[PDB]
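Student: Quick one: this structure, given as C-alpha cells, is what I'll be asking you about.
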Amino acid sequence: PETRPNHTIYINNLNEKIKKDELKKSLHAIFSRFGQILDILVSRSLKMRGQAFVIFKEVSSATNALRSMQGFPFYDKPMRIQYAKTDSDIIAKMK
RNA sequence: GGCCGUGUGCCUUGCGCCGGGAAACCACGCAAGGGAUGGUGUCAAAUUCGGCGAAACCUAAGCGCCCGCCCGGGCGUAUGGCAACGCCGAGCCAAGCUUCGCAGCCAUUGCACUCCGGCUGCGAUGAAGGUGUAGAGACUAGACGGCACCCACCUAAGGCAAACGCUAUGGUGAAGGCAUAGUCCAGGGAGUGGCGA
Ligand SMILES: [K+]
Ligand SMILES: [K+]
Ligand SMILES: [K+]
Ligand SMILES: [K+]
Ligand SMILES: [K+]
Ligand SMILES: [K+]
Ligand SMILES: [Mg+2]
Ligand SMILES: [Mg+2]
Ligand SMILES: [Mg+2]
Ligand SMILES: [Mg+2]
Ligand SMILES: [Mg+2]
Ligand SMILES: [Mg+2]
Ligand SMILES: [Mg+2]
Ligand SMILES: [Mg+2]
Ligand SMILES: [Mg+2]
Ligand SMILES: [Mg+2]
Ligand SMILES: [Mg+2]
Ligand SMILES: [Mg+2]
C-alpha cells in the first residue's frame, strides 16, 4: 500500500468545501510538532483538489506522521497518507 | 401636406487613388444622380458636470468703395447670429461578452509544483456601445440602437477533399435617435419691456 520514502507526503480524500487559505493553517498545528514544515502546497483545481503536500526538513518527521496520524478523521473524512513519487523543486536543488 | 432651391449627412455610379485585406471588398478624395436597402427574439437602465468645432442661411457695427466735402445716404463685406450637425475630458449604466471573488446544485478520488472543470444565482471589475448631444423640458414604446440568432447574395485564408470542388469565423443588404414614433410642456402663430448697431 505504501511506496518508497520521501521528503514530502501525499494526502488525499478531503472535504473540498474548505478554502485554500484556511486549510494551510490546520496543518501548521497538527503536523508542525512532528517536525518543522518548510512549505505547504495546496490547490483547489480539478486535478489537485482535496490533496495536500507537506514538506519536512528530514524524512523521520514524515515516517512517524505516516503511522501516528494514519486514518486521521479530518473534517469528518478519513485522511489517507502516501509518499510523494517525486521530490520538490526546492528540496531537489539542495540534495 | 406638396413642388423648387442652397447646405450637411447618406447610398448608387463614374473617376482618382494611396492605405487595409488572402479574396470578395472595406477605407480615402471628388463629381453627378436620388432607381434601389432582408427577417424573429432579446434587453429598457444610466439619462450628469464641463469643454472644442461648424456649413448654408439671417443680419451689416467696423472697415473699404461711392454719392465732387459735410448733413445725410447707397454699395460690399462677417469678425455678429441662428443652426443642420463633427467631437473631446470626467462621472455613470440594462442585457450579452472578458476577468474576479462569494454562496448553491452537479460531476471529480485525482502526485503536485506556473494560474486554470460545468452550470443557474447574486456582488464586482474589463472591453465594445450608450449617455453628455431635444423645440428649454417631462414621460412612454420599439429601432434607424446594445445583444443573440436567422435569410439572400459575394468571396474563399484557414479547415475539409485523391479530385471538378465544399465550407464564414470574412464581406454586401445607406444615413436619419443632436429626440425617431407618440403623449403632455415650450416657442411661434399673437403682446409688452430690457440688451444689441
Ligand atoms: K430636395
Ligand atoms: K492596394
Ligand atoms: K466615452
Ligand atoms: K441622444
Ligand atoms: K482554401
Ligand atoms: K456573418
Ligand atoms: Mg429613392
Ligand atoms: Mg425610468
Ligand atoms: Mg458720413
Ligand atoms: Mg456707412
Ligand atoms: Mg449675402
Ligand atoms: Mg460665421
Ligand atoms: Mg455639453
Ligand atoms: Mg434629426
Ligand atoms: Mg440618441
Ligand atoms: Mg434639432
Ligand atoms: Mg419627434
Ligand atoms: Mg414673439
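By convention here, the chains of the C-alpha cells are called A, B, ... in the order presented, each chain's residues are numbered starting at 1, and ligands are numbered starting at 1 in the order presented.
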Find the residues near range 146-156 of chain B: any atom within 9 Å, counting only C-alpha atoms (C1' of nucleotides), skip ones fewer than 3 places away on the same chain, and give them as a PyMOL selection string.
Tutor: chain B and resi 22-25+38-43+95-96+129-130+167+170-173
Student: May I have the residues within 9 Å of ligand 5, computed using only C-alpha atoms (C1' of nucleotides) and all ligand atoms, as number ranges by chain?
Tutor: B: 156-159
Student: Once you count only C-alpha atoms (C1' of nucleotides), which residues of chain B turn out to be within 8 Å of chain A? Could you give them as a PDB file with N, CA and C atoms (P, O5', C5', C4', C3', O3' and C1' of nucleotides), in the first residue's frame?
Tutor:
ATOM      1  P     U B 108     -18.006  11.440 -11.115  1.00  0.00           P
ATOM      2  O5'   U B 108     -16.594  11.474 -11.872  1.00  0.00           O
ATOM      3  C5'   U B 108     -16.017  12.691 -12.350  1.00  0.00           C
ATOM      4  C4'   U B 108     -14.888  13.215 -11.477  1.00  0.00           C
ATOM      5  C3'   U B 108     -14.367  12.307 -10.372  1.00  0.00           C
ATOM      6  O3'   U B 108     -13.548  11.270 -10.913  1.00  0.00           O
ATOM      7  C1'   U B 108     -14.432  14.572  -9.657  1.00  0.00           C
ATOM      8  P     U B 109     -13.556   9.791 -10.289  1.00  0.00           P
ATOM      9  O5'   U B 109     -12.452   9.882  -9.135  1.00  0.00           O
ATOM     10  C5'   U B 109     -11.140  10.354  -9.423  1.00  0.00           C
ATOM     11  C4'   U B 109     -10.289  10.394  -8.167  1.00  0.00           C
ATOM     12  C3'   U B 109      -9.672   9.058  -7.767  1.00  0.00           C
ATOM     13  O3'   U B 109      -8.264   9.223  -7.662  1.00  0.00           O
ATOM     14  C1'   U B 109     -10.683  10.095  -5.893  1.00  0.00           C
ATOM     15  P     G B 110      -7.268   8.154  -8.312  1.00  0.00           P
ATOM     16  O5'   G B 110      -6.126   9.075  -8.955  1.00  0.00           O
ATOM     17  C5'   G B 110      -6.313   9.681 -10.230  1.00  0.00           C
ATOM     18  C4'   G B 110      -6.422  11.192 -10.116  1.00  0.00           C
ATOM     19  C3'   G B 110      -5.249  11.876  -9.437  1.00  0.00           C
ATOM     20  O3'   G B 110      -4.163  11.996 -10.341  1.00  0.00           O
ATOM     21  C1'   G B 110      -7.281  12.796  -8.643  1.00  0.00           C
ATOM     22  P     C B 111      -2.722  11.462  -9.899  1.00  0.00           P
ATOM     23  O5'   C B 111      -2.196  12.650  -8.968  1.00  0.00           O
ATOM     24  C5'   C B 111      -1.716  13.854  -9.548  1.00  0.00           C
ATOM     25  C4'   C B 111      -0.267  14.096  -9.173  1.00  0.00           C
ATOM     26  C3'   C B 111       0.723  13.081  -9.740  1.00  0.00           C
ATOM     27  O3'   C B 111       1.211  13.398 -11.066  1.00  0.00           O
ATOM     28  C1'   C B 111       1.081  13.351  -7.394  1.00  0.00           C
ATOM     29  P     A B 112       1.410  14.867 -11.687  1.00  0.00           P
ATOM     30  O5'   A B 112       2.122  15.713 -10.532  1.00  0.00           O
ATOM     31  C5'   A B 112       2.383  17.094 -10.713  1.00  0.00           C
ATOM     32  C4'   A B 112       1.551  17.941  -9.766  1.00  0.00           C
ATOM     33  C3'   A B 112       2.149  19.314  -9.486  1.00  0.00           C
ATOM     34  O3'   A B 112       1.537  20.313 -10.312  1.00  0.00           O
ATOM     35  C1'   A B 112       1.894  18.121  -7.437  1.00  0.00           C
ATOM     36  P     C B 113       2.204  20.790 -11.693  1.00  0.00           P
ATOM     37  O5'   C B 113       2.342  22.372 -11.476  1.00  0.00           O
ATOM     38  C5'   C B 113       3.616  22.983 -11.292  1.00  0.00           C
ATOM     39  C4'   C B 113       3.887  23.233  -9.822  1.00  0.00           C
ATOM     40  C3'   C B 113       5.199  23.940  -9.530  1.00  0.00           C
ATOM     41  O3'   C B 113       5.052  25.346  -9.691  1.00  0.00           O
ATOM     42  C1'   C B 113       4.977  22.078  -8.084  1.00  0.00           C
ATOM     43  P     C B 116      -5.398  27.087  -9.953  1.00  0.00           P
ATOM     44  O5'   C B 116      -6.726  27.661 -10.638  1.00  0.00           O
ATOM     45  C5'   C B 116      -7.703  26.779 -11.180  1.00  0.00           C
ATOM     46  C4'   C B 116      -7.972  27.093 -12.641  1.00  0.00           C
ATOM     47  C3'   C B 116      -8.343  25.891 -13.492  1.00  0.00           C
ATOM     48  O3'   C B 116      -9.730  25.626 -13.351  1.00  0.00           O
ATOM     49  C1'   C B 116      -6.789  27.279 -14.655  1.00  0.00           C
ATOM     50  P     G B 117     -10.255  24.146 -13.046  1.00  0.00           P
ATOM     51  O5'   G B 117     -10.389  23.499 -14.504  1.00  0.00           O
ATOM     52  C5'   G B 117     -11.354  23.997 -15.421  1.00  0.00           C
ATOM     53  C4'   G B 117     -12.473  22.999 -15.657  1.00  0.00           C
ATOM     54  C3'   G B 117     -13.854  23.606 -15.827  1.00  0.00           C
ATOM     55  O3'   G B 117     -13.991  24.236 -17.097  1.00  0.00           O
ATOM     56  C1'   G B 117     -13.999  21.626 -14.548  1.00  0.00           C
TER      57        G B 117
END
Student: Just want the 9 Å neighbourhood of range 72-77 of chain B, counted on only C-alpha atoms (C1' of nucleotides), with same-chain residues fewer than 5 positions away dropped. Output as JSON, numbers by chain.
Tutor: {"B": [60, 63, 64, 65, 66, 67]}
Student: Neighbouring residues of residue 144 in chain B were defined as those with any atom within 12 Å, considering only C-alpha atoms (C1' of nucleotides); residues of the same chain fewer than 6 positions away were excluded. Please report them as JSON, numbers by chain.
Tutor: {"B": [174, 175, 176, 177, 180, 181]}
Student: Just the strand (DSSP E or B) stuff from chain A, please, per backbone DSSP, written as a VMD selection string.
Tutor: chain A and resid 8 to 12 37 to 42 52 to 56 73 78 80 to 83
Student: Taking N, CA and C atoms for each residue, export the selection above as a JSON list (two decimals), in the first residue's frame.
Tutor:
[["chain", "number", "residue", "atom", "x", "y", "z"],
["A", 8, "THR", "N", 8.58, 14.80, 1.09],
["A", 8, "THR", "CA", 7.21, 15.30, 1.06],
["A", 8, "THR", "C", 6.22, 14.14, 1.09],
["A", 9, "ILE", "N", 5.04, 14.38, 1.68],
["A", 9, "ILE", "CA", 3.99, 13.37, 1.77],
["A", 9, "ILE", "C", 2.73, 13.75, 1.00],
["A", 10, "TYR", "N", 2.13, 12.76, 0.34],
["A", 10, "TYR", "CA", 0.88, 12.93, -0.39],
["A", 10, "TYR", "C", -0.32, 12.61, 0.50],
["A", 11, "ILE", "N", -1.31, 13.50, 0.47],
["A", 11, "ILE", "CA", -2.52, 13.35, 1.28],
["A", 11, "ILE", "C", -3.76, 13.49, 0.39],
["A", 12, "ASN", "N", -4.71, 12.58, 0.54],
["A", 12, "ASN", "CA", -5.94, 12.61, -0.26],
["A", 12, "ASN", "C", -7.22, 12.39, 0.55],
["A", 37, "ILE", "N", 7.76, 22.37, 9.36],
["A", 37, "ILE", "CA", 7.29, 22.37, 7.97],
["A", 37, "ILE", "C", 7.97, 23.49, 7.19],
["A", 38, "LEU", "N", 8.56, 23.13, 6.05],
["A", 38, "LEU", "CA", 9.19, 24.11, 5.17],
["A", 38, "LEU", "C", 8.15, 24.90, 4.38],
["A", 39, "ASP", "N", 7.34, 24.19, 3.59],
["A", 39, "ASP", "CA", 6.27, 24.80, 2.80],
["A", 39, "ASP", "C", 5.11, 23.83, 2.56],
["A", 40, "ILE", "N", 3.92, 24.39, 2.34],
["A", 40, "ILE", "CA", 2.72, 23.59, 2.06],
["A", 40, "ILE", "C", 2.14, 23.96, 0.70],
["A", 41, "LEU", "N", 2.00, 22.96, -0.17],
["A", 41, "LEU", "CA", 1.40, 23.15, -1.49],
["A", 41, "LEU", "C", -0.02, 22.59, -1.52],
["A", 42, "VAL", "N", -0.99, 23.49, -1.70],
["A", 42, "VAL", "CA", -2.40, 23.12, -1.81],
["A", 42, "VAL", "C", -3.04, 23.86, -2.98],
["A", 52, "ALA", "N", -3.04, 17.53, -0.56],
["A", 52, "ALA", "CA", -2.08, 18.40, 0.13],
["A", 52, "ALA", "C", -0.67, 17.81, 0.14],
["A", 53, "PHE", "N", 0.32, 18.70, 0.06],
["A", 53, "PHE", "CA", 1.73, 18.32, 0.11],
["A", 53, "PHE", "C", 2.43, 18.99, 1.29],
["A", 54, "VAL", "N", 2.97, 18.18, 2.20],
["A", 54, "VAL", "CA", 3.64, 18.68, 3.40],
["A", 54, "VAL", "C", 5.14, 18.40, 3.35],
["A", 55, "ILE", "N", 5.93, 19.47, 3.30],
["A", 55, "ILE", "CA", 7.39, 19.37, 3.19],
["A", 55, "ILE", "C", 8.06, 19.48, 4.56],
["A", 56, "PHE", "N", 8.80, 18.43, 4.93],
["A", 56, "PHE", "CA", 9.58, 18.43, 6.17],
["A", 56, "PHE", "C", 11.07, 18.63, 5.87],
["A", 73, "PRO", "N", -9.36, 11.33, 11.14],
["A", 73, "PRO", "CA", -10.61, 11.94, 10.66],
["A", 73, "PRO", "C", -10.47, 13.46, 10.55],
["A", 78, "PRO", "N", -12.04, 10.43, 6.41],
["A", 78, "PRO", "CA", -10.84, 9.63, 6.68],
["A", 78, "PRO", "C", -9.65, 10.04, 5.80],
["A", 80, "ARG", "N", -6.16, 9.88, 4.14],
["A", 80, "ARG", "CA", -5.17, 8.90, 3.69],
["A", 80, "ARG", "C", -3.82, 9.57, 3.46],
["A", 81, "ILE", "N", -2.75, 8.82, 3.70],
["A", 81, "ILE", "CA", -1.39, 9.34, 3.52],
["A", 81, "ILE", "C", -0.52, 8.37, 2.72],
["A", 82, "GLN", "N", 0.17, 8.90, 1.71],
["A", 82, "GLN", "CA", 1.16, 8.17, 0.94],
["A", 82, "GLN", "C", 2.42, 9.01, 0.77],
["A", 83, "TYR", "N", 3.50, 8.39, 0.29],
["A", 83, "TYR", "CA", 4.73, 9.12, -0.02],
["A", 83, "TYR", "C", 4.67, 9.72, -1.42]]
Student: Please report, as CSV, each residue of chain B lying at most 10 Å from ligand 12, together with the nearest pair of atoms and the separation in Å rounded to one decimal; use only C-alpha atoms (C1' of nucleotides) and all ligand atoms, and order rows by chain and ascending residue number.
Tutor:
residue,atom,partner,partner_atom_place_in_ligand_line,distance
B:54,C1',ligand 12,1 (Mg),8.6
B:55,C1',ligand 12,1 (Mg),9.0
B:78,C1',ligand 12,1 (Mg),6.4
B:79,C1',ligand 12,1 (Mg),8.4
B:80,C1',ligand 12,1 (Mg),8.3
B:81,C1',ligand 12,1 (Mg),8.2
Student: For CA of residue 44 in chain A and CA of residue 18 in chain A, quote the distance in Å rounded to one decimal.
Tutor: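 Going from CA of residue 44 in chain A over to CA of residue 18 in chain A, I get 9.3 Å.
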Student: Mind the document's chain letters and residue numbers, and return as a list in words the residues of chain A that DSSP labels helix (DSSP H, G or I).
Tutor: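 DSSP on the backbone gives helix (DSSP H, G or I) at residues 20, 21, 22, 23, 24, 25, 26, 27, 28, 29, 30, 59, 60, 61, 62, 63, 64, 65, 66, 67 and 68 of chain A.
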Student: Residues as selected, N, CA and C atoms, written as a PDB file, in the first residue's frame, can you do that?
Tutor:
ATOM      1  N   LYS A  20      -8.516  27.542   0.321  1.00  0.00           N
ATOM      2  CA  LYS A  20      -7.064  27.357   0.242  1.00  0.00           C
ATOM      3  C   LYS A  20      -6.344  27.961   1.450  1.00  0.00           C
ATOM      4  N   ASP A  21      -6.777  29.154   1.852  1.00  0.00           N
ATOM      5  CA  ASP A  21      -6.135  29.903   2.930  1.00  0.00           C
ATOM      6  C   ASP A  21      -6.376  29.284   4.311  1.00  0.00           C
ATOM      7  N   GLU A  22      -7.545  28.669   4.490  1.00  0.00           N
ATOM      8  CA  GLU A  22      -7.933  28.077   5.773  1.00  0.00           C
ATOM      9  C   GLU A  22      -7.256  26.730   6.040  1.00  0.00           C
ATOM     10  N   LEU A  23      -7.141  25.903   5.001  1.00  0.00           N
ATOM     11  CA  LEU A  23      -6.618  24.541   5.141  1.00  0.00           C
ATOM     12  C   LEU A  23      -5.114  24.489   5.426  1.00  0.00           C
ATOM     13  N   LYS A  24      -4.386  25.511   4.976  1.00  0.00           N
ATOM     14  CA  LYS A  24      -2.942  25.605   5.212  1.00  0.00           C
ATOM     15  C   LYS A  24      -2.612  25.843   6.688  1.00  0.00           C
ATOM     16  N   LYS A  25      -3.548  26.464   7.403  1.00  0.00           N
ATOM     17  CA  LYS A  25      -3.387  26.764   8.827  1.00  0.00           C
ATOM     18  C   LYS A  25      -3.559  25.523   9.707  1.00  0.00           C
ATOM     19  N   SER A  26      -4.539  24.683   9.363  1.00  0.00           N
ATOM     20  CA  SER A  26      -4.861  23.470  10.127  1.00  0.00           C
ATOM     21  C   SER A  26      -3.709  22.466  10.175  1.00  0.00           C
ATOM     22  N   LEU A  27      -2.907  22.442   9.114  1.00  0.00           N
ATOM     23  CA  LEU A  27      -1.761  21.543   9.019  1.00  0.00           C
ATOM     24  C   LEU A  27      -0.552  22.072   9.792  1.00  0.00           C
ATOM     25  N   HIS A  28      -0.501  23.389   9.980  1.00  0.00           N
ATOM     26  CA  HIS A  28       0.617  24.050  10.659  1.00  0.00           C
ATOM     27  C   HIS A  28       0.516  23.958  12.190  1.00  0.00           C
ATOM     28  N   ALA A  29      -0.351  23.069  12.671  1.00  0.00           N
ATOM     29  CA  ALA A  29      -0.533  22.848  14.105  1.00  0.00           C
ATOM     30  C   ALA A  29      -0.452  21.363  14.472  1.00  0.00           C
ATOM     31  N   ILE A  30      -1.075  20.519  13.650  1.00  0.00           N
ATOM     32  CA  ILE A  30      -1.103  19.072  13.877  1.00  0.00           C
ATOM     33  C   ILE A  30       0.213  18.403  13.459  1.00  0.00           C
ATOM     34  N   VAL A  59      13.372  13.159   6.787  1.00  0.00           N
ATOM     35  CA  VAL A  59      12.473  12.055   6.429  1.00  0.00           C
ATOM     36  C   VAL A  59      11.755  11.452   7.643  1.00  0.00           C
ATOM     37  N   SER A  60      12.445  11.420   8.784  1.00  0.00           N
ATOM     38  CA  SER A  60      11.911  10.842  10.024  1.00  0.00           C
ATOM     39  C   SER A  60      10.637  11.535  10.521  1.00  0.00           C
ATOM     40  N   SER A  61      10.487  12.812  10.170  1.00  0.00           N
ATOM     41  CA  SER A  61       9.307  13.601  10.522  1.00  0.00           C
ATOM     42  C   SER A  61       8.054  13.066   9.829  1.00  0.00           C
ATOM     43  N   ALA A  62       8.207  12.695   8.560  1.00  0.00           N
ATOM     44  CA  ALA A  62       7.109  12.181   7.748  1.00  0.00           C
ATOM     45  C   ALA A  62       6.809  10.712   8.035  1.00  0.00           C
ATOM     46  N   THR A  63       7.857   9.942   8.333  1.00  0.00           N
ATOM     47  CA  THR A  63       7.746   8.497   8.568  1.00  0.00           C
ATOM     48  C   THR A  63       6.878   8.171   9.786  1.00  0.00           C
ATOM     49  N   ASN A  64       7.015   8.970  10.842  1.00  0.00           N
ATOM     50  CA  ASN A  64       6.190   8.818  12.041  1.00  0.00           C
ATOM     51  C   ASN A  64       4.785   9.393  11.843  1.00  0.00           C
ATOM     52  N   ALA A  65       4.694  10.455  11.042  1.00  0.00           N
ATOM     53  CA  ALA A  65       3.415  11.063  10.672  1.00  0.00           C
ATOM     54  C   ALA A  65       2.572  10.106   9.830  1.00  0.00           C
ATOM     55  N   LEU A  66       3.253   9.198   9.133  1.00  0.00           N
ATOM     56  CA  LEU A  66       2.613   8.157   8.335  1.00  0.00           C
ATOM     57  C   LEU A  66       1.891   7.133   9.215  1.00  0.00           C
ATOM     58  N   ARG A  67       2.436   6.885  10.404  1.00  0.00           N
ATOM     59  CA  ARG A  67       1.900   5.871  11.315  1.00  0.00           C
ATOM     60  C   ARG A  67       0.994   6.454  12.400  1.00  0.00           C
ATOM     61  N   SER A  68       1.474   7.496  13.077  1.00  0.00           N
ATOM     62  CA  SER A  68       0.746   8.108  14.189  1.00  0.00           C
ATOM     63  C   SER A  68      -0.512   8.854  13.738  1.00  0.00           C
TER      64      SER A  68
END
Student: In Å to one decimal, how far is atom 1 (Mg, counted along the ligand's line) of ligand 15 from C1' of residue 89 in chain B?
Tutor: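 Atom-to-atom, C1' of residue 89 in chain B to atom 1 (Mg, counted along the ligand's line) of ligand 15, that is 20.3 Å.
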Student: In Å, rounded to a single decimal, give me how far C1' of residue 122 in chain B is from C1' of residue 106 in chain B.
Tutor: 18.9 Å
Student: Could you list the protein, DNA and RNA residues that have any atom within 12 Å of ligand 3, counting only C-alpha atoms (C1' of nucleotides) and all ligand atoms, and write them as a ChimeraX atom specification?
Tutor: /B:87-92,128-132
Student: Give me the residues of chain B that have any atom at most 10 Å from an atom of ligand 1; for each, the nearest atom pair and the distance in Å, rounded to one decimal. Use only C-alpha atoms (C1' of nucleotides) and all ligand atoms, sort by chain and number, and format it as JSON lines.
Tutor:
{"residue": "B:3", "atom": "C1'", "partner": "ligand 1", "partner_atom_place_in_ligand_line": "1 (K)", "distance": 9.7}
{"residue": "B:4", "atom": "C1'", "partner": "ligand 1", "partner_atom_place_in_ligand_line": "1 (K)", "distance": 8.0}
{"residue": "B:5", "atom": "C1'", "partner": "ligand 1", "partner_atom_place_in_ligand_line": "1 (K)", "distance": 7.9}
{"residue": "B:6", "atom": "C1'", "partner": "ligand 1", "partner_atom_place_in_ligand_line": "1 (K)", "distance": 9.9}
{"residue": "B:34", "atom": "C1'", "partner": "ligand 1", "partner_atom_place_in_ligand_line": "1 (K)", "distance": 9.5}
Student: Deliver the residues from the most recent selection as a file, using N, CA and C atoms (P, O5', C5', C4', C3', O3' and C1' of nucleotides), as a PDB file, in the first residue's frame.
Tutor:
ATOM      1  P     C B   3     -43.318  66.609 -53.861  1.00  0.00           P
ATOM      2  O5'   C B   3     -42.867  67.773 -54.857  1.00  0.00           O
ATOM      3  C5'   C B   3     -43.394  67.823 -56.177  1.00  0.00           C
ATOM      4  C4'   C B   3     -43.220  69.213 -56.742  1.00  0.00           C
ATOM      5  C3'   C B   3     -41.809  69.781 -56.668  1.00  0.00           C
ATOM      6  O3'   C B   3     -40.907  69.224 -57.604  1.00  0.00           O
ATOM      7  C1'   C B   3     -43.255  71.398 -55.911  1.00  0.00           C
ATOM      8  P     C B   4     -39.395  69.012 -57.124  1.00  0.00           P
ATOM      9  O5'   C B   4     -38.788  70.499 -57.117  1.00  0.00           O
ATOM     10  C5'   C B   4     -38.595  71.214 -58.344  1.00  0.00           C
ATOM     11  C4'   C B   4     -38.093  72.630 -58.117  1.00  0.00           C
ATOM     12  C3'   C B   4     -36.703  72.754 -57.499  1.00  0.00           C
ATOM     13  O3'   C B   4     -35.640  72.560 -58.431  1.00  0.00           O
ATOM     14  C1'   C B   4     -38.156  74.211 -56.378  1.00  0.00           C
ATOM     15  P     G B   5     -34.297  71.830 -57.937  1.00  0.00           P
ATOM     16  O5'   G B   5     -33.587  72.919 -56.998  1.00  0.00           O
ATOM     17  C5'   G B   5     -32.994  74.080 -57.565  1.00  0.00           C
ATOM     18  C4'   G B   5     -32.860  75.196 -56.546  1.00  0.00           C
ATOM     19  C3'   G B   5     -31.776  75.003 -55.498  1.00  0.00           C
ATOM     20  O3'   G B   5     -30.482  75.250 -56.010  1.00  0.00           O
ATOM     21  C1'   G B   5     -33.706  75.748 -54.427  1.00  0.00           C
ATOM     22  P     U B   6     -29.384  74.096 -55.852  1.00  0.00           P
ATOM     23  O5'   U B   6     -28.661  74.471 -54.469  1.00  0.00           O
ATOM     24  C5'   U B   6     -27.823  75.609 -54.411  1.00  0.00           C
ATOM     25  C4'   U B   6     -27.787  76.213 -53.025  1.00  0.00           C
ATOM     26  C3'   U B   6     -26.975  75.433 -52.006  1.00  0.00           C
ATOM     27  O3'   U B   6     -25.579  75.610 -52.176  1.00  0.00           O
ATOM     28  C1'   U B   6     -28.993  76.107 -51.020  1.00  0.00           C
ATOM     29  P     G B  34     -32.282  63.262 -59.891  1.00  0.00           P
ATOM     30  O5'   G B  34     -32.563  62.131 -58.795  1.00  0.00           O
ATOM     31  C5'   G B  34     -33.002  60.831 -59.194  1.00  0.00           C
ATOM     32  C4'   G B  34     -32.853  59.848 -58.046  1.00  0.00           C
ATOM     33  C3'   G B  34     -33.984  59.904 -57.034  1.00  0.00           C
ATOM     34  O3'   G B  34     -34.301  58.582 -56.652  1.00  0.00           O
ATOM     35  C1'   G B  34     -31.935  60.236 -55.926  1.00  0.00           C
TER      36        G B  34
END
Student: For ligand 7, collect every residue having any atom at a distance of at most 12 Å from a ligand atom (counting only C-alpha atoms (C1' of nucleotides) and all ligand atoms); output as a PDB file with N, CA, C and O atoms (P, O5', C5', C4', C3', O3' and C1' of nucleotides), in the first residue's frame.
Tutor:
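Final file, result.pdb:
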ATOM      1  P     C B  10     -21.417  60.771 -44.765  1.00  0.00           P
ATOM      2  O5'   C B  10     -22.613  59.935 -45.426  1.00  0.00           O
ATOM      3  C5'   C B  10     -23.268  58.927 -44.666  1.00  0.00           C
ATOM      4  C4'   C B  10     -24.555  58.489 -45.331  1.00  0.00           C
ATOM      5  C3'   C B  10     -24.386  57.668 -46.599  1.00  0.00           C
ATOM      6  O3'   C B  10     -24.009  56.319 -46.307  1.00  0.00           O
ATOM      7  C1'   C B  10     -26.095  59.250 -46.899  1.00  0.00           C
ATOM      8  P     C B  11     -22.651  55.685 -46.874  1.00  0.00           P
ATOM      9  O5'   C B  11     -23.142  55.110 -48.278  1.00  0.00           O
ATOM     10  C5'   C B  11     -23.738  53.830 -48.331  1.00  0.00           C
ATOM     11  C4'   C B  11     -24.865  53.798 -49.338  1.00  0.00           C
ATOM     12  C3'   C B  11     -24.434  53.615 -50.783  1.00  0.00           C
ATOM     13  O3'   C B  11     -24.155  52.257 -51.072  1.00  0.00           O
ATOM     14  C1'   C B  11     -26.010  55.349 -50.659  1.00  0.00           C
ATOM     15  P     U B  12     -23.023  51.883 -52.140  1.00  0.00           P
ATOM     16  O5'   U B  12     -23.733  52.224 -53.532  1.00  0.00           O
ATOM     17  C5'   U B  12     -24.765  51.393 -54.045  1.00  0.00           C
ATOM     18  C4'   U B  12     -25.400  52.037 -55.262  1.00  0.00           C
ATOM     19  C3'   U B  12     -24.473  52.301 -56.437  1.00  0.00           C
ATOM     20  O3'   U B  12     -24.238  51.138 -57.202  1.00  0.00           O
ATOM     21  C1'   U B  12     -25.633  54.260 -56.023  1.00  0.00           C
ATOM     22  P     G B  33     -26.865  66.482 -60.800  1.00  0.00           P
ATOM     23  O5'   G B  33     -27.584  65.081 -60.509  1.00  0.00           O
ATOM     24  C5'   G B  33     -28.402  64.448 -61.494  1.00  0.00           C
ATOM     25  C4'   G B  33     -28.662  62.996 -61.125  1.00  0.00           C
ATOM     26  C3'   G B  33     -29.739  62.775 -60.075  1.00  0.00           C
ATOM     27  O3'   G B  33     -31.010  62.707 -60.690  1.00  0.00           O
ATOM     28  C1'   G B  33     -27.837  61.495 -59.526  1.00  0.00           C
ATOM     29  P     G B  34     -32.282  63.262 -59.891  1.00  0.00           P
ATOM     30  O5'   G B  34     -32.563  62.131 -58.795  1.00  0.00           O
ATOM     31  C5'   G B  34     -33.002  60.831 -59.194  1.00  0.00           C
ATOM     32  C4'   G B  34     -32.853  59.848 -58.046  1.00  0.00           C
ATOM     33  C3'   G B  34     -33.984  59.904 -57.034  1.00  0.00           C
ATOM     34  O3'   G B  34     -34.301  58.582 -56.652  1.00  0.00           O
ATOM     35  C1'   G B  34     -31.935  60.236 -55.926  1.00  0.00           C
ATOM     36  P     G B  35     -35.821  58.161 -56.425  1.00  0.00           P
ATOM     37  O5'   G B  35     -35.843  56.669 -56.986  1.00  0.00           O
ATOM     38  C5'   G B  35     -36.151  56.370 -58.339  1.00  0.00           C
ATOM     39  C4'   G B  35     -35.918  54.892 -58.584  1.00  0.00           C
ATOM     40  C3'   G B  35     -35.310  54.150 -57.398  1.00  0.00           C
ATOM     41  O3'   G B  35     -36.322  53.590 -56.563  1.00  0.00           O
ATOM     42  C1'   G B  35     -33.878  53.912 -59.239  1.00  0.00           C
ATOM     43  P     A B  36     -36.418  53.925 -54.997  1.00  0.00           P
ATOM     44  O5'   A B  36     -35.834  52.610 -54.295  1.00  0.00           O
ATOM     45  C5'   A B  36     -36.297  51.295 -54.629  1.00  0.00           C
ATOM     46  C4'   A B  36     -35.165  50.278 -54.694  1.00  0.00           C
ATOM     47  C3'   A B  36     -34.383  50.099 -53.402  1.00  0.00           C
ATOM     48  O3'   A B  36     -34.899  49.002 -52.701  1.00  0.00           O
ATOM     49  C1'   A B  36     -32.876  50.588 -55.164  1.00  0.00           C
ATOM     50  P     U B  37     -35.768  49.274 -51.394  1.00  0.00           P
ATOM     51  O5'   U B  37     -35.529  47.924 -50.568  1.00  0.00           O
ATOM     52  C5'   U B  37     -35.307  47.938 -49.159  1.00  0.00           C
ATOM     53  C4'   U B  37     -33.843  47.734 -48.802  1.00  0.00           C
ATOM     54  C3'   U B  37     -33.486  48.255 -47.415  1.00  0.00           C
ATOM     55  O3'   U B  37     -32.903  47.226 -46.641  1.00  0.00           O
ATOM     56  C1'   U B  37     -31.878  48.944 -48.989  1.00  0.00           C
ATOM     57  P     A B 174     -29.159  48.407 -45.120  1.00  0.00           P
ATOM     58  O5'   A B 174     -28.700  49.896 -45.461  1.00  0.00           O
ATOM     59  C5'   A B 174     -27.348  50.133 -45.833  1.00  0.00           C
ATOM     60  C4'   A B 174     -26.860  51.533 -45.510  1.00  0.00           C
ATOM     61  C3'   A B 174     -27.735  52.401 -44.617  1.00  0.00           C
ATOM     62  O3'   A B 174     -27.688  52.015 -43.217  1.00  0.00           O
ATOM     63  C1'   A B 174     -27.290  53.602 -46.543  1.00  0.00           C
TER      64        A B 174
END
